[PDB]
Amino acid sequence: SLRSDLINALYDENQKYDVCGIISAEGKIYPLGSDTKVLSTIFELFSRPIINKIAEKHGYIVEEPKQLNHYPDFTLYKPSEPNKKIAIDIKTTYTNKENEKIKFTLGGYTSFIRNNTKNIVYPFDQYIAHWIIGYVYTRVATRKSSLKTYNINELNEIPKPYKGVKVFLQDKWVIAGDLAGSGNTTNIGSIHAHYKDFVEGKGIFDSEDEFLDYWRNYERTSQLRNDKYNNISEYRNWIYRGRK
């Protein structure tokens, strides 16, 4: 399938290539910084060609946002199935010690999930699947040798700000949790668990319908959630009583 071929290719590319810097047209190389801002950027650019190659083999065209700040990162679709678009978003997080628990921010809960055409490349009802390509890396402190420029002949000598990168491919609803991933930027929170839980799909929602109803009615602050629901147990009781 498209999905199995895509995760096979991402997993393989991760295993064989290690990004180590930015390069200029003149051949000068600039080492990488330690942020997640930097590594989130690197992993998106590293995935781009892979996604395009696999999409093309299943006759899918790839469209990136035409305007800035529009989800998703990549929109796939066959011209013969305009209302069966696939949204792919790349998300990255870190780990201090290898294999500690991790969690991701899964997109806003107040934009396209509550308004069909808000901050999204195509109307939300034209997508039949929302996939997350998740990258996890173990942080590695920066040192003196990262603050100089390098030539092409010193490629393998450049120090990297990470180690043990892992990648998964999973549906957004499947790995979604019941607690916000951010406050003022109102994002959905993923489950808080080990990498294997993301791969296997051990989330808290029973269906994609339950995921959507939960986040579509989740209040923004603790003061408002106090009288409604703060977690999945409370939501299921709220539902049991008649949405009250």
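The first residue of the shown sequence is 1; numbering continues from there.
S.K.: Which of the two stretches, 136-144 or 163-171, shows the higher mean Cα temperature factor in the record?
M.R.: Between 163-171 and 136-144, it is 136-144 that shows the higher mean C-alpha B-factor.
S.K.: Could you settle it for me: does 106-114 or 76-84 have the higher average Cα B factor in the PDB entry?
M.R.: The deposited B-factors put 76-84 ahead on the C-alpha mean.
S.K.: For the C-alpha B-factor as written in the entry, point me to the maximum among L212, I191, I61, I50.
M.R.: Among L212, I191, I61, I50, the highest C-alpha B-factor in the entry belongs to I61.
S.K.: Per the PDB entry, which option out of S207, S34, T41, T186 has the greatest Cα B factor?
M.R.: Largest recorded C-alpha B-factor: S34.
S.K.: Using only modelled residues of the chain, where does the Cα B factor of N99 rank: lowest third, middle third or highest third?
M.R.: For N99, the deposited C-alpha B-factor lands in the highest third.
S.K.: Quick one: classify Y150 as lowest, middle or highest third of the chain based on its Cα B-factor.
M.R.: Highest third.
S.K.: Ranked by Cα temperature factor within the chain, is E56 in the lowest third, the middle third or the highest third?
M.R.: For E56, whose C-alpha B-factor we compare with every modelled residue in the chain, the answer is the highest third.
S.K.: Once the chain's modelled residues are ordered by C-alpha B factor and cut into thirds, is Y17 in the lowest, middle or highest one?
M.R.: According to the entry, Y17 has a C-alpha B-factor in the chain's highest third.
S.K.: Ranked by Cα temperature factor within the chain, is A129 in the lowest third, the middle third or the highest third?
M.R.: Bottom third by C-alpha B-factor.
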